[PDB]
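Residue numbers (PDB author numbering), protein chains in the order written: chain S, 1 to 100; chain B1, 253 to 302; chain O, 5 to 102; chain NG, 6 to 44, 67 to 181.
All C-beta atoms, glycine included, are put in the ideal place defined by N, C-alpha and C.
Note sheet for the following structure.
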Amino acid sequence: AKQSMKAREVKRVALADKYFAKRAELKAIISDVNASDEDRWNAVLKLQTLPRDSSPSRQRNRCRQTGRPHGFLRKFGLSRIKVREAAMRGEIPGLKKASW
Amino acid sequence: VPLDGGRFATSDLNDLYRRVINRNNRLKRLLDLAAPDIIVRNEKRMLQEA
Amino acid sequence: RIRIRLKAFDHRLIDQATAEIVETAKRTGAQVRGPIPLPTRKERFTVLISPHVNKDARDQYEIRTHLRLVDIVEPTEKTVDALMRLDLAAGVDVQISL
Amino acid sequence: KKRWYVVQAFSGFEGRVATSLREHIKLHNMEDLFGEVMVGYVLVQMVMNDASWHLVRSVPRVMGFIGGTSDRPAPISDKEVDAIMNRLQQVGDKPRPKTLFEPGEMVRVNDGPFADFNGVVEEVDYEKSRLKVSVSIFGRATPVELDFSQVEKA
DNA sequence: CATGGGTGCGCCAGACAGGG
DNA sequence: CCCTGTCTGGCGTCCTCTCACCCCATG
């Protein structure tokens, strides 16, 4: 991909663990059946006070070996071209040819 | 080392070190428990003499 | 009652690995509720083998993860004593279920 | 007013020293000069006359008082003597019942072959009174169910 | 089972009081 | 302070050969 692109991911990793999933109660409880006046307006708008690139929906999905955008596999956690050369090298514990 | 019978004939230094360690354990426990002044003075004095 | 759930990849190893804990539990408890089969997941994958176009050429990869159960019946206070810290077969992830 | 004093006995014969002390009191009938006797040190509620001092040191298997001097031996010296006695009693009456553990909480095992081992409680069952914690035995986590008293909270 | 607390030697010599 | 009496410490030959006996005590 790009060394520029792999740097943006770990920067957006640092936002997804510092702000989000910790200051996620801004929408978890306060944007529901609670005080639905314009104090609930302060729930949705203070969510915008945190940066836009901090959401876990923003952290796309990238490979860890080479960082290819597409063709990702969640189990191995790395790109489809990299899972195969490691399969033939004998690195993933158990991948043989599925010839059922 | 033991003798012919089997009872261990123990040296004198083991008595001395075992006394010092018994008293030191007692003094640590009394400073844990916050005993009064005269108790820990006798305890430290027995350790000094040991 | 006291279950022992086995997890591995090498199925030719797990039958001996369970046998290594059979012999460790036979001489202590003398009652073990068998090496139960416990069906295996077949996680199927497929990968575009090309680094580019021609989405016709693919390779299929799978991982048979085998499971077993030992299920020590009685908790006599010497059986588990011969089990904890006294196991083997590096690569076979073991777990109790109780 | 009767103040407290510390007596040293041959350590091990302390109950017999306490009984012989009560009996010497009721022999030499200085009943108005002794209040109690508490149990290698024997605590005595007392007053200080030289007659009662000779009485306590004439009790057998008693070395002497412990104080600043042997002329006028010393009552007691502690900011919280009552709390020190309460701590000594609490040592024998140690509850040690910590077992409460939620998910991801580390616990301690002190019973069964898993004794002397620590782990975390991935699942908890208050209804079944059982904690789901695994022990790092030979590397692999060994998820086992232990009772609250069977394990201690870490 | 494990722990818990005599009274017959004589000289030299220097340090510690003790007058002086 | 300058001499006098006291108080404690430090020490007293080398090799061997047997023997006898090594902490109670007890709730």
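query                                                                                                                                                     : result
Expected contact under 8 Å - CB spacing of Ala98 (chain S) and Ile92 (chain S) to nearest Å                                                               : That pair is no contact at about 13 Å.
Residues within the region 72-100 of chain O neighbouring chain S, beta-carbon criterion of under 7 Å                                                     : none
Any C-beta of chain NG under 8 Å from that of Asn274 (chain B1)                                                                                           : no
Candidates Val96 (chain O), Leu102 (chain O), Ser101 (chain O): closest to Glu24 (chain O) by CA position                                                 : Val96 (chain O)
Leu92 (chain O) burial status per 10 Å Cβ neighbour count (16 or more: buried)                                                                            : exposed
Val84 (chain O), buried or exposed, once every other Cβ within 10 Å from all chains shown has been counted against 16                                     : buried
Three-pair Cβ contact test at 8 Å for the region 293-300 of chain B1 versus the region 55-68 of chain O                                                   : no
Contact the region 68-88 of chain O vs the region 274-286 of chain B1: 3+ CB pairs below 8 Å                                                              : no
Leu95 (chain S) at chain O interface by Cβ criterion, 8 Å                                                                                                 : yes
Where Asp19 (chain O) meets chain S, residues with beta-carbon distance less than 9 Å                                                                     : Within 9 Å Cβ-Cβ: nothing; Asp19 (chain O) doesn't reach chain S, min ~17 Å.
Short CB-CB distance (under 8 Å) between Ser79 (chain NG) and chain O                                                                                     : no
Sheet register partners of residue 66 (chain NG) (DSSP bridge)                                                                                            : A break in chain NG separates 44 from 67, and the residue in question, residue 66 (chain NG), sits inside that break with no coordinates.
Any C-beta of chain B1 under 8 Å from that of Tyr68 (chain NG)                                                                                            : yes
Cutoff 8 Å: residue 196 (chain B1) Cβ touching any chain NG Cβ                                                                                            : The requested residue 196 (chain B1) does not occur in the structure, where chain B1 is confined to residues 253 to 302.
Interface residues of chain O facing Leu47 (chain S) [CB-CB closer than 7 Å]                                                                              : The premise fails here: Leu47 (chain S) is roughly 38 Å from chain O at the closest Cβ pair, so nothing lies under 7 Å.
Own chain partners of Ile93 (chain NG) with C-beta closer than 7 Å, once the 5 adjacent residues on each side are dropped                                 : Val11, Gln13
Own chain residues within Cβ distance below 7 Å of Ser79 (chain S), not counting five before or after                                                     : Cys63, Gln65, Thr66, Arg68, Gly71, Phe72
Candidates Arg99 (chain NG), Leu115 (chain NG), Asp174 (chain NG): closest to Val134 (chain NG) by CA position                                            : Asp174 (chain NG)
Identified DSSP bridge partners for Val51 (chain O)                                                                                                       : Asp63 (chain O)
Interface residues of the region 287-298 of chain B1 facing chain NG [CB-CB below 9 Å]                                                                    : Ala287, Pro288, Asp289, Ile290, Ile291, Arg293, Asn294
Chain S contact for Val51 (chain O) (CB, 8 Å cutoff)                                                                                                      : yes
For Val77 (chain O), the three-state DSSP class (helix, strand or coil)                                                                                   : coil
Residue-chain proximity (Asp63 (chain O), chain S), Cβ-Cβ < 8 Å                                                                                           : yes
Exposed unless 16 or more other CB atoms sit within 10 angstroms - verdict on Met5 (chain S)                                                              : exposed
Assigned exposure category for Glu36 (chain NG) - 16 Cβ within 10 Å defines buried                                                                        : exposed
Cβ neighbour criterion (16 or more within 10 Å) applied to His70 (chain O)                                                                                : buried
Beta-carbon separation (whole angstroms), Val44 (chain NG) vs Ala23 (chain NG), contact threshold 8 Å                                                     : 6 Å
Residue nearest to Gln177 (chain NG) in terms of C-alpha spacing, selected from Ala101 (chain NG), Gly131 (chain NG), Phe144 (chain NG), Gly67 (chain NG) : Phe144 (chain NG)
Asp105 (chain NG): contacting residues in chain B1 (beta-carbon distance under 8 Å)                                                                       : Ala286, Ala287, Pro288, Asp289
Buried or exposed (CB count within 10 angstroms, at least 16 for buried), residue 188 (chain NG)                                                          : Lying before the first or after the last residue shown, residue 188 (chain NG) is absent from chain NG, which here runs from 6 to 181.
CB contact check: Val147 (chain NG) to chain O, cutoff 8 Å                                                                                                : no
Nearest-angstrom Cα separation, counted from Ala14 (chain S) out to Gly146 (chain NG)                                                                     : 29 Å
8 Å Cβ cutoff, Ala21 (chain S) in contact with chain O                                                                                                    : no
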